[PDB]
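Got an experimental structure here, sequence first:
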Amino acid sequence: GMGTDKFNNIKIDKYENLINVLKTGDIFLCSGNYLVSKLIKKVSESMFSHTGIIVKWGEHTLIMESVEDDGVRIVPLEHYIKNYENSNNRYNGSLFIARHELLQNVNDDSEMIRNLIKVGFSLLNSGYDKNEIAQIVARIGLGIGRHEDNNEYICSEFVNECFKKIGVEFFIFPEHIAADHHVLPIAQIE
Amino acid sequence: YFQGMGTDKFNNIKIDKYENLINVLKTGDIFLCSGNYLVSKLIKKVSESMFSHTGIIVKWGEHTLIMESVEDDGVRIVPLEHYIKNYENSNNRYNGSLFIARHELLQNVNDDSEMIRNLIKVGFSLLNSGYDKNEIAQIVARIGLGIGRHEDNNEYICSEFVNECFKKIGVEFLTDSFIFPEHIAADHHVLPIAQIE
Amino acid sequence: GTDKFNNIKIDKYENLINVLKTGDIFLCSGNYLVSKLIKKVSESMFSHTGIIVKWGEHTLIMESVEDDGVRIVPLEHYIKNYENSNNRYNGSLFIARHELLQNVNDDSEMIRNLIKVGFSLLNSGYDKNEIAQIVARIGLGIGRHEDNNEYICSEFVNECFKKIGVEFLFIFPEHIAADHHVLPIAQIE
Amino acid sequence: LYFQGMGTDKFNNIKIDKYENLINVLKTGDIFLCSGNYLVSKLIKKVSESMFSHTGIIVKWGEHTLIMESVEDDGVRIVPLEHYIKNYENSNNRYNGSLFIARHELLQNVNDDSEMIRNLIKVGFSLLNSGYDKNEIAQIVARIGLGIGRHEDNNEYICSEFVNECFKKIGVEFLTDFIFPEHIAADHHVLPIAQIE
Ligand SMILES: N[C@@H](CCCC[NH3+])C(=O)O
Ligand SMILES: N[C@@H](CCCC[NH3+])C(=O)O
Ligand SMILES: N[C@@H](CCCC[NH3+])C(=O)O
Ligand SMILES: N[C@@H](CCCC[NH3+])C(=O)O
Ligand SMILES: [Cl-]
Ligand SMILES: [Cl-]
Ligand SMILES: [Cl-]
Ligand SMILES: [Cl-]
Ligand SMILES: [Cl-]
Ligand SMILES: [Cl-]
Ligand SMILES: [Cl-]
Ligand SMILES: [Cl-]
Ligand SMILES: [Cl-]
């Protein structure tokens, strides 16, 4: 899909260097090799299987996200690099950062960034139960979107709720976020 | 709409009340369901079938159990009563329709035959203590991708489990696709008995 | 008490299969944290109990496992693959038989009703909240509400027998082991 | 009242503030304390002879107030404090118990983006998990009842063990001669701020 090309020749930065460039609200994107990742890639015809939102606590970099075999969580980006989901190894796939055009000239303690984070925090849960994981992965394969205030989210549905509730509009897969004319690539992580 | 031979085979089958069927059921009978759960629909879509689930009936005396892999749960054995009155701790009937069939080879075989003993042995040997979150995701993903179980692993789609049990007593199912419930329903040796009212 | 099982004959699992009868009482002395909490609060070597159910020649154990659920599974799991570990249950294992069911055949009405009640309580796993509640009740020594379907192992074994008339003298495995009508058969080698 | 320790009197006549008013007074690092009526809460209260069953660390994201904690039937999580007031663990109701705020003496004259506060938060974040499994919940509650601390470099934490790891890694030790909420409440450097109305 047209998000493919947009990231194909983006600069490759080492993780240590990128820390200083990342801003709260930046959009994390991944192309994973996990079975669930592959289902997302097939149904959406994309190289992108995951998305989430970056949140800086001081100098510390966290990723706020819905991970479909896990939950709506907030965790250190370092996990994707060094210990993905208790494997003690790097995420199996490639990793990218982008930034939304509207938030590029907005400081980390702006009103907008505050409300974006607020909404994400409000959706943090304590893991999905077995039933819900099954339901979420099934909706991906069926291409079906979710009920009004049902709280089970595909990664991109979660990124979408947060931006929705600050006005930025984008079913919805990671591809739709990557392909969006207002989403600007920053880097692939080496 | 968009469905196969298994479907017609069960379309005008006699409707029995659960209480009446109990006496007709025999260990090795094949349970079949057409569910409305998201995972049930994914199964129905990818396999182009009304059937989302299958399992093997086991009679302990007068009591009727169902041995099965339930993809959001585990490889378990539980009372058939659950599907009628209390499906997965919901206190309500399974959201879908229910059917019973019998394999031709086991129709003239008594419940303590050596075949039925081996069928039950294998099923018992695969019961687990639930699938972990990772495994449930992987199973449901395979369904959507139409990939069979490609390492020597113990994660089973409902029909895969039923198939392993029968495989290990010499009954093979035309598993052309991988194997979904449809291939069990559609199999020439599988005869319909009833829909449960 | 404890002593009742101390010098009981040690049988190999393969040999015991033929001796077991539906309704036999399974007993364990485990080294798991939850096992030890049961052993402490009840001052006993017994951490677990359950009811044996024979499907033809095959041997199942019907039980409430406090970090899992009210389930029925092959006894073979306790010997070879306890709770997806691919190893034997970390502890020792015993069989007893209740005096009343010794002269009663496997398809008697009593055995039928014992199995009926146990089947009626099988669930699809305990939720996280319920496990915590069960383990907390063990440590607090509190029994359960008559509505509540959350069971300490021994509370489950007790309900089954209660509904066929057999009463046991809150309730931990120790009370079942110690009961004058529960006779030891074997420790599993 | 005689079945209980020094931690208790320290919080008995503390001012009662409405939640809305306390938001402005709270600072990252402040210690949350609860006296719950849940079964697990009672086991904690008995074994530790305390009115306190829970503890956690407050973390401010701008004006929004979060609580970072290990909840023993759930996980090492970070969630809005508002949940304790309006929707505790999906019940849509307030936490069943009483709630308190305290502040450590060392952090009273330290601003919210200090280097210390940064490291406290770093450690907490590093321990956030995706829920405890059924096995671990059982193990944790068992340890509480057995009064045993965590032997290996093990990641299963009683609430106060979590609060203790975060403070330990910025130099603040709590008289842990195992550790329950009581030892945090009773600590001479922990000053009561308010009970939440
Ligand atoms: N959407 C997620 C799926 C996670 C699979 C492994 N936990 C990703 O592609 O990263
Ligand atoms: N194969 C199963 C899927 C599980 C749906 C609910 N747990 C069925 O169609 O019943
Ligand atoms: N009563 C049980 C406790 C659960 C052990 C962990 N699965 C036993 O001693 O075996
Ligand atoms: N430490 C916790 C115990 C578990 C509460 C159950 N939701 C508390 O007292 O709040
Ligand atoms: Cl995978
Ligand atoms: Cl960090
Ligand atoms: Cl991770
Ligand atoms: Cl569903
Ligand atoms: Cl069920
Ligand atoms: Cl343990
Ligand atoms: Cl087991
Ligand atoms: Cl409770
Ligand atoms: Cl909560």
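Sure thing, it's come through. Numbers count the residues shown, from 1 in each chain, chains lettered A, B, ... in the order given. Ligands and ions are numbered 1, 2, ... in the order given.

buried sites along stretch A:113-130?
Neighbour-count burial for stretch A:113-130 flags A:113-122, A:124-130 (criterion: 16 or more other CB atoms under 10 Å in any protein chain shown). Every residue, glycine included, has its C-beta placed from N, CA and C.

Kindly report the same for stretch A:86-97.
Of the residues in stretch A:86-97, A:91, A:93, A:94, A:95, A:96, A:97 count as buried by neighbour count, 16+ other CB under 10 Å.

for stretch A:4-12, same thing?
Along stretch A:4-12, these residues count as buried under the neighbour rule (16+ other CB under 10 Å): A:6, A:7.

which residues does the residue of chain A found nearest chain C contact?
Distance from chain C to each residue of chain A (CB to the nearest CB) is smallest for residue A:129, at 8.0 Å. Contacts for residue A:129 (CB atoms under 8 Å, 6 or more residues apart in numbering or on different chains) come out as none.

gap between the residue in chain A that ligand 4 sits nearest to and residue A:67?
Residue nearest to ligand 4 within chain A (CB to the nearest ligand atom): residue A:126, separated by 10.5 Å. Separation of residue A:126 from residue A:67 (CB to CB, to the nearest Å) stands at 13 Å.

Does stretch A:111-127 reach chain D?
Yes: applying CB under 8 Å from any CB of the partner chain, one finds stretch A:111-127 in contact with chain D at A:114, A:117, A:118, A:121, A:122, A:124, A:126, A:127.

cool, and stretch A:34-42?
No: applying CB under 8 Å from any CB, one finds stretch A:34-42 out of contact with chain D, separated by at least 14.8 Å.

For residue A:29, which three-state class applies?
Using DSSP: H, G, I helix; E, B strand; the rest coil, the three-state assignment for residue A:29 comes out as strand.

hang on, I meant residue A:131
Recorded secondary structure, residue A:131: helix (three-state DSSP).

Contacts only, for it.
Taking CB under 8 Å, 6+ apart as the definition, contacts of residue A:131 comprise B:72, B:88.

Mind doing that once more with 10 Å?
By CB atoms under 10 Å, 6 or more residues apart in numbering or on different chains, residue A:131 lies in contact with A:152, B:37, B:38, B:39, B:72, B:73, B:88, B:89, B:136.

taking the buried residues of stretch A:86-97 one by one, which sit in strands?
Among the buried residues of stretch A:86-97, the members found in strands (DSSP state E) are A:93, A:94, A:95, A:96, A:97.

Out of those, which comes closest to ligand 9?
Comparing those against ligand 9 with CB to the ion picks out residue A:93 as the nearest, at 36.2 Å.

Mind listing the residues bridging to that closest one?
Here residue A:93 sits in beta bridges with residue A:32, as judged by DSSP bridges.

surely it meets residue A:28?
No: under the criterion of CB atoms under 10 Å, residue A:93 makes no contact with residue A:28, lying 11.9 Å away.

Pull up the overlap in contacts between the two.
Listed as contacting both residue A:93 and residue A:28 by CB under 10 Å, 6+ apart are A:50, A:80.

Up against chain B, what does chain A have?
Proximity of chain A to chain B is assessed by CB under 10 Å from any CB of the partner chain, with A:34-40, A:42-43, A:67-71, A:85, A:127-144, A:152 identified as the residues in range.

Kindly recompute the last result at 6 Å.
Remark: the part of chain A in contact with chain B comprises A:35-36, A:39, A:69, A:130-131, A:133-135, A:137-139, A:141-142, using CB under 6 Å from any CB of the partner chain.

still on that earlier bit, and the residues of stretch A:111-127 next to chain D as a markdown table, adding secondary structure?
What follows is the residues of stretch A:111-127 next to chain D, written out as a markdown table (three-state DSSP):
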| residue | secondary structure |
| --- | --- |
| A:114 | helix |
| A:117 | helix |
| A:118 | helix |
| A:121 | helix |
| A:122 | helix |
| A:124 | coil |
| A:126 | coil |
| A:127 | coil |
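
In contact with the residue in chain A that ligand 3 sits nearest to, which residues are there?
Using CB to the nearest ligand atom, the closest approach of chain A to ligand 3 is made by residue A:130 at 18.3 Å. Applying CB atoms under 6 Å, 6 or more residues apart in numbering or on different chains, one finds that residue A:130 lies in contact with B:72, B:136.
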